[PDB]
Amino acid sequence: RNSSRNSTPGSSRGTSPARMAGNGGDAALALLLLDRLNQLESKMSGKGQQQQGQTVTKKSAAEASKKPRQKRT
Amino acid sequence: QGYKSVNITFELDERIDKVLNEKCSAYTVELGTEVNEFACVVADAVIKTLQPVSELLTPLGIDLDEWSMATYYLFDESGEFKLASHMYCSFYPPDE
C-alpha cells in the first residue's frame with residue numbers, strides 16, 4: 001500500500017545470525033529529511049559521493065583562537 | 001599541511017544517529033579548532049542542513065527547538081577537554 005516501486009524492505013525472516021549487521025539499508029523514517037535537505041543544499045559538482053564531511057568552518061574557529069573577544073562586558 | 005578530521009556524537013543515539021554520523025560528524029580540527037567552537041560548529045551544521053525541513057522532524061518525535069537554543073558540551077573521558085577520533089557531544093551541567 002502507498003509504495004510499490006523503488007526502495008525495498010530487505011530481510012524479514014531470520015533465526016541463525018552469521019554477519020549480525022546487514023538488514024537492508026540505512027534509516028527508515030530519517031531518510032526523507034536527510035536525503036531531501038542534505039541533497040537540496042548541495043550545489044557543488046561531484047554526483048558520486050562516498051565519504052561525507054570534509055569542511056565546516058574556517059573563519060569561526062580560527063578567529064576565536066587567534067583573536068580572543070569578550071562578551072556582555 | 002594537513003587537517004585533522006574526527007567524528008562526533010551530538011545527542012545522537014536511536015534517532016538520526018547513523019544519518020548525521022555518516023553525513024555530518026566528520027569535522028576539521030587541530031588547525032585551530034577549540035571545544036566551544038566545536039559544539040557551536042556541530043550545532044550549526046545539523047541546524048543548517050536538517051532544520052530547513054521541520055515538516056517531517058516535528059511529527060517524527062523531536063522538538064528541533066532545543067537544538068538551536070540549547071548548546072551541548074564536548075568531552076572525551078569523564079569530563080575533560082581533549083581531541084580524539086571519537087568525541088562525545090552532550091549536555092552534562094545543570095540548567096538555569
# chains A, B, ... in the order shown; residues from 1 in each chain; ligands from 1
call {"tool": "closest_atom_pairs", "arguments": {"of": "chain B", "to": "chain A", "cutoff": "8 Å", "atoms": "only C-alpha atoms", "output": "CSV"}}
result
residue,atom,partner,partner_atom,distance
B:5,CA,A:54,CA,7.4
B:15,CA,A:30,CA,7.9
B:16,CA,A:30,CA,6.3
B:18,CA,A:27,CA,7.6
B:19,CA,A:27,CA,7.0
B:22,CA,A:52,CA,6.3
B:23,CA,A:52,CA,5.0
B:24,CA,A:53,CA,5.6
B:25,CA,A:53,CA,6.8
B:26,CA,A:53,CA,4.9
B:27,CA,A:56,CA,6.2
B:28,CA,A:55,CA,6.3
B:31,CA,A:62,CA,7.9
B:32,CA,A:62,CA,5.2
B:33,CA,A:61,CA,5.1
B:34,CA,A:61,CA,6.8
B:37,CA,A:61,CA,5.8
B:38,CA,A:61,CA,7.8
B:41,CA,A:56,CA,7.1
B:45,CA,A:56,CA,7.2
B:49,CA,A:38,CA,5.8
B:50,CA,A:37,CA,6.3
B:52,CA,A:37,CA,7.0
B:53,CA,A:33,CA,6.5
B:56,CA,A:33,CA,6.6
B:57,CA,A:33,CA,7.4
B:60,CA,A:29,CA,7.7
call {"tool": "write_last_selection", "arguments": {"atoms": "C-alpha atoms", "output": "CSV table (one decimal), in the first residue's frame"}}
result
chain,number,residue,atom,x,y,z
B,5,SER,CA,39.1,15.4,11.0
B,15,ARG,CA,17.3,8.8,16.2
B,16,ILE,CA,19.2,10.4,13.3
B,18,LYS,CA,23.8,6.9,11.6
B,19,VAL,CA,22.2,9.6,9.5
B,22,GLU,CA,27.8,9.4,8.3
B,23,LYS,CA,26.6,12.8,6.8
B,24,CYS,CA,27.8,15.5,9.3
B,25,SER,CA,30.0,14.1,12.0
B,26,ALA,CA,33.5,14.5,10.4
B,27,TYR,CA,34.8,18.0,11.2
B,28,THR,CA,38.3,19.5,10.8
B,31,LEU,CA,44.3,23.5,12.6
B,32,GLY,CA,42.9,26.0,15.1
B,33,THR,CA,39.7,24.4,16.4
B,34,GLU,CA,38.6,24.6,20.0
B,37,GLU,CA,33.6,26.4,18.8
B,38,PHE,CA,33.4,22.6,18.2
B,41,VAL,CA,30.1,24.2,14.7
B,45,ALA,CA,25.9,22.1,10.6
B,49,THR,CA,21.2,21.2,6.9
B,50,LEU,CA,18.4,19.4,8.8
B,52,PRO,CA,15.1,23.8,6.6
B,53,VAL,CA,12.7,20.7,6.7
B,56,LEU,CA,8.9,15.7,8.9
B,57,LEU,CA,11.0,16.5,12.0
B,60,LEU,CA,8.9,12.4,13.8
call {"tool": "select_by_dssp", "arguments": {"residues": "range 15-82 of chain B", "states": "alpha helix (DSSP H)", "output": "JSON, numbers by chain"}}
result
{"B": [17, 18, 19, 20, 21, 22, 23, 36, 37, 38, 39, 40, 41, 42, 43, 44, 45, 46, 47, 48, 49, 57, 58, 59, 60, 66, 67, 68, 69]}
call {"tool": "write_last_selection", "arguments": {"atoms": "N, CA and C atoms", "output": "PDB file, in the first residue's frame"}}
result
ATOM      1  N   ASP B  17      20.956   8.976  14.397  1.00  0.00           N
ATOM      2  CA  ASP B  17      22.314   8.553  14.787  1.00  0.00           C
ATOM      3  C   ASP B  17      23.242   8.295  13.581  1.00  0.00           C
ATOM      4  N   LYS B  18      22.984   7.219  12.820  1.00  0.00           N
ATOM      5  CA  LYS B  18      23.809   6.863  11.650  1.00  0.00           C
ATOM      6  C   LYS B  18      23.673   7.887  10.514  1.00  0.00           C
ATOM      7  N   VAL B  19      22.526   8.585  10.489  1.00  0.00           N
ATOM      8  CA  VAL B  19      22.219   9.584   9.455  1.00  0.00           C
ATOM      9  C   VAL B  19      23.211  10.773   9.499  1.00  0.00           C
ATOM     10  N   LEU B  20      23.324  11.410  10.676  1.00  0.00           N
ATOM     11  CA  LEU B  20      24.215  12.556  10.861  1.00  0.00           C
ATOM     12  C   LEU B  20      25.642  12.121  11.190  1.00  0.00           C
ATOM     13  N   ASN B  21      25.807  10.871  11.666  1.00  0.00           N
ATOM     14  CA  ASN B  21      27.141  10.331  11.972  1.00  0.00           C
ATOM     15  C   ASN B  21      27.923  10.092  10.679  1.00  0.00           C
ATOM     16  N   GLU B  22      27.195   9.679   9.633  1.00  0.00           N
ATOM     17  CA  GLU B  22      27.783   9.433   8.319  1.00  0.00           C
ATOM     18  C   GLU B  22      27.755  10.685   7.430  1.00  0.00           C
ATOM     19  N   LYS B  23      26.751  11.565   7.631  1.00  0.00           N
ATOM     20  CA  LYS B  23      26.612  12.776   6.813  1.00  0.00           C
ATOM     21  C   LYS B  23      27.344  14.003   7.374  1.00  0.00           C
ATOM     22  N   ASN B  36      34.608  24.753  22.477  1.00  0.00           N
ATOM     23  CA  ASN B  36      33.398  25.601  22.490  1.00  0.00           C
ATOM     24  C   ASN B  36      32.914  25.862  21.058  1.00  0.00           C
ATOM     25  N   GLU B  37      33.874  26.188  20.173  1.00  0.00           N
ATOM     26  CA  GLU B  37      33.593  26.423  18.751  1.00  0.00           C
ATOM     27  C   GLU B  37      33.239  25.101  18.063  1.00  0.00           C
ATOM     28  N   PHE B  38      33.640  23.989  18.712  1.00  0.00           N
ATOM     29  CA  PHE B  38      33.360  22.638  18.224  1.00  0.00           C
ATOM     30  C   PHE B  38      31.884  22.288  18.456  1.00  0.00           C
ATOM     31  N   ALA B  39      31.361  22.703  19.624  1.00  0.00           N
ATOM     32  CA  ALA B  39      29.958  22.477  19.978  1.00  0.00           C
ATOM     33  C   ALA B  39      29.042  23.357  19.120  1.00  0.00           C
ATOM     34  N   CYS B  40      29.487  24.607  18.896  1.00  0.00           N
ATOM     35  CA  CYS B  40      28.746  25.576  18.082  1.00  0.00           C
ATOM     36  C   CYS B  40      28.794  25.223  16.588  1.00  0.00           C
ATOM     37  N   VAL B  41      29.908  24.604  16.146  1.00  0.00           N
ATOM     38  CA  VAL B  41      30.076  24.219  14.736  1.00  0.00           C
ATOM     39  C   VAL B  41      29.215  22.985  14.389  1.00  0.00           C
ATOM     40  N   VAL B  42      29.196  21.980  15.290  1.00  0.00           N
ATOM     41  CA  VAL B  42      28.380  20.767  15.095  1.00  0.00           C
ATOM     42  C   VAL B  42      26.885  21.121  15.129  1.00  0.00           C
ATOM     43  N   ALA B  43      26.534  22.014  16.069  1.00  0.00           N
ATOM     44  CA  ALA B  43      25.167  22.510  16.232  1.00  0.00           C
ATOM     45  C   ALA B  43      24.715  23.293  14.994  1.00  0.00           C
ATOM     46  N   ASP B  44      25.653  24.073  14.422  1.00  0.00           N
ATOM     47  CA  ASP B  44      25.394  24.884  13.227  1.00  0.00           C
ATOM     48  C   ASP B  44      25.198  24.018  11.975  1.00  0.00           C
ATOM     49  N   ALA B  45      26.045  22.982  11.803  1.00  0.00           N
ATOM     50  CA  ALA B  45      25.946  22.079  10.641  1.00  0.00           C
ATOM     51  C   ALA B  45      24.614  21.329  10.622  1.00  0.00           C
ATOM     52  N   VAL B  46      24.248  20.739  11.773  1.00  0.00           N
ATOM     53  CA  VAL B  46      22.989  19.985  11.909  1.00  0.00           C
ATOM     54  C   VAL B  46      21.754  20.912  11.798  1.00  0.00           C
ATOM     55  N   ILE B  47      21.875  22.123  12.362  1.00  0.00           N
ATOM     56  CA  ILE B  47      20.792  23.110  12.355  1.00  0.00           C
ATOM     57  C   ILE B  47      20.661  23.833  11.002  1.00  0.00           C
ATOM     58  N   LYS B  48      21.718  23.784  10.189  1.00  0.00           N
ATOM     59  CA  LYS B  48      21.707  24.423   8.871  1.00  0.00           C
ATOM     60  C   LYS B  48      21.211  23.468   7.777  1.00  0.00           C
ATOM     61  N   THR B  49      21.548  22.173   7.898  1.00  0.00           N
ATOM     62  CA  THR B  49      21.166  21.183   6.880  1.00  0.00           C
ATOM     63  C   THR B  49      19.825  20.483   7.164  1.00  0.00           C
ATOM     64  N   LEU B  57      10.342  16.512  10.711  1.00  0.00           N
ATOM     65  CA  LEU B  57      11.032  16.492  12.010  1.00  0.00           C
ATOM     66  C   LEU B  57      10.106  16.716  13.213  1.00  0.00           C
ATOM     67  N   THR B  58       9.028  17.505  13.047  1.00  0.00           N
ATOM     68  CA  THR B  58       8.102  17.761  14.163  1.00  0.00           C
ATOM     69  C   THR B  58       7.155  16.561  14.459  1.00  0.00           C
ATOM     70  N   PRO B  59       6.627  15.797  13.436  1.00  0.00           N
ATOM     71  CA  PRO B  59       5.783  14.617  13.696  1.00  0.00           C
ATOM     72  C   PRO B  59       6.643  13.385  14.017  1.00  0.00           C
ATOM     73  N   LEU B  60       7.914  13.433  13.557  1.00  0.00           N
ATOM     74  CA  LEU B  60       8.910  12.371  13.782  1.00  0.00           C
ATOM     75  C   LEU B  60       9.035  12.001  15.275  1.00  0.00           C
ATOM     76  N   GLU B  66      15.119  22.808  20.775  1.00  0.00           N
ATOM     77  CA  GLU B  66      16.081  22.708  21.879  1.00  0.00           C
ATOM     78  C   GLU B  66      17.506  22.483  21.358  1.00  0.00           C
ATOM     79  N   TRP B  67      17.627  22.282  20.039  1.00  0.00           N
ATOM     80  CA  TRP B  67      18.924  22.050  19.388  1.00  0.00           C
ATOM     81  C   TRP B  67      19.565  23.363  18.930  1.00  0.00           C
ATOM     82  N   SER B  68      18.725  24.377  18.686  1.00  0.00           N
ATOM     83  CA  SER B  68      19.193  25.690  18.231  1.00  0.00           C
ATOM     84  C   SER B  68      19.362  26.674  19.393  1.00  0.00           C
ATOM     85  N   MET B  69      18.548  26.508  20.443  1.00  0.00           N
ATOM     86  CA  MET B  69      18.595  27.387  21.619  1.00  0.00           C
ATOM     87  C   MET B  69      19.551  26.859  22.693  1.00  0.00           C
TER      88      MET B  69
END
call {"tool": "atom_distance", "arguments": {"atom1": "CA of residue 61 in chain B", "atom2": "CA of residue 28 in chain A"}}
result
13.8 Å
call {"tool": "select_by_dssp", "arguments": {"residues": "chain B", "states": "strand (DSSP E)", "output": "PyMOL selection string"}}
result
chain B and resi 4-10+26-29+73-75+86-90
call {"tool": "write_last_selection", "arguments": {"atoms": "N, CA and C atoms", "output": "short mmCIF file (atom, residue, chain, number, x, y, z; two decimals), in the first residue's frame"}}
result
data_model
loop_
_atom_site.label_atom_id
_atom_site.label_comp_id
_atom_site.auth_asym_id
_atom_site.auth_seq_id
_atom_site.Cartn_x
_atom_site.Cartn_y
_atom_site.Cartn_z
N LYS B 4 43.06 17.69 10.62
CA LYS B 4 42.73 16.54 11.46
C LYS B 4 41.21 16.47 11.65
N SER B 5 40.59 15.54 10.93
CA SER B 5 39.14 15.36 10.97
C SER B 5 38.74 14.17 11.82
N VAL B 6 37.67 14.37 12.61
CA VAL B 6 37.16 13.33 13.52
C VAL B 6 35.62 13.27 13.50
N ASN B 7 35.07 12.21 14.12
CA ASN B 7 33.62 12.01 14.20
C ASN B 7 33.11 12.34 15.60
N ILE B 8 31.99 13.07 15.67
CA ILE B 8 31.40 13.47 16.96
C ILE B 8 29.96 12.98 17.10
N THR B 9 29.57 12.72 18.35
CA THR B 9 28.20 12.28 18.65
C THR B 9 27.47 13.33 19.51
N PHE B 10 26.59 14.09 18.85
CA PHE B 10 25.83 15.16 19.50
C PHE B 10 24.37 14.75 19.73
N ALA B 26 32.05 14.35 10.67
CA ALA B 26 33.48 14.48 10.42
C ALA B 26 33.85 15.94 10.17
N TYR B 27 34.40 16.56 11.22
CA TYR B 27 34.80 17.97 11.19
C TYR B 27 36.32 18.09 11.19
N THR B 28 36.83 19.28 10.85
CA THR B 28 38.28 19.52 10.79
C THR B 28 38.76 20.30 12.01
N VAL B 29 39.72 19.70 12.71
CA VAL B 29 40.30 20.27 13.93
C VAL B 29 41.83 20.10 13.95
N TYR B 73 27.94 20.24 25.60
CA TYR B 73 29.35 20.27 25.96
C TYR B 73 30.07 19.05 25.38
N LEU B 74 31.32 19.24 24.97
CA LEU B 74 32.13 18.17 24.38
C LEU B 74 33.18 17.65 25.36
N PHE B 75 33.19 16.32 25.54
CA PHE B 75 34.14 15.65 26.43
C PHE B 75 34.58 14.31 25.84
N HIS B 86 36.96 9.88 18.25
CA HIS B 86 35.52 9.89 18.54
C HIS B 86 35.25 10.67 19.83
N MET B 87 34.66 11.85 19.68
CA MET B 87 34.34 12.71 20.82
C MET B 87 32.84 12.68 21.14
N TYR B 88 32.51 12.93 22.41
CA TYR B 88 31.13 12.91 22.86
C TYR B 88 30.59 14.32 23.08
N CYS B 89 29.56 14.66 22.30
CA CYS B 89 28.90 15.96 22.38
C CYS B 89 27.51 15.80 23.02
N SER B 90 27.43 16.12 24.33
CA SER B 90 26.17 16.01 25.09
C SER B 90 26.13 17.01 26.25
#
call {"tool": "atom_distance", "arguments": {"atom1": "CA of residue 93 in chain B", "atom2": "CA of residue 71 in chain B"}}
result
11.0 Å
call {"tool": "atom_distance", "arguments": {"atom1": "CA of residue 43 in chain A", "atom2": "CA of residue 55 in chain B"}}
result
22.6 Å
